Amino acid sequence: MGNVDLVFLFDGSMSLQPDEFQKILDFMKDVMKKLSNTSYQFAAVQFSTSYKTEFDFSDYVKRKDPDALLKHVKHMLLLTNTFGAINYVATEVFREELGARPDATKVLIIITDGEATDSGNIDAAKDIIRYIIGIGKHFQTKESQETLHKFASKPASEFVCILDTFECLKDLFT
């Protein structure tokens, strides 16, 4: 492999209890910590109705403090426009001026529900490896996780998993 540009696109909608949201922040922080000092570069974008880049690549390499980079994050508590969110990342976040690296393989970790409030196509992010982490309890049947497949890369079994175990990210660490 080599250097990769990972972007956390996290669900900041009204469906999450203040607890679940905090679990997402902790999850993100922990993912970043396990990948400290590696070829990885991060950026986080909270989505809901609108999309906000909490911190981008250039911010990461300058601070390298997950906890600090997510200190100011405030729960939006609005809709769940996942489609526009993925498009937002593809065209607005992965930008060289924002700290991205041309040679770096683009990765996107969508920490969400799977229940989107918008339609559309994410054809702009086809070249981005997309993992999808599921928060909430309804992801308790392999058949219920199917709604998440439309956002993640193929095969779905390799890019879709739950936040409690995150069995789809354990390879990134090694």
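Residue indices: 1-based, along the sequence shown.
When the C-alpha B-factors of 162-170 and 16-24 are averaged, 162-170 comes out higher. Here 117-125 and 134-142 are compared by their mean Cα B-factor, and 134-142 comes out higher. Out of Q46, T105, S36, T49, it is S36 whose C-alpha atom has the highest B-factor in the PDB entry.
Per-chain ranking of the deposited C-alpha B factor places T112 in the middle third.
Sorting the modelled residues of the chain by their CA temperature factor places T147 in the highest third.
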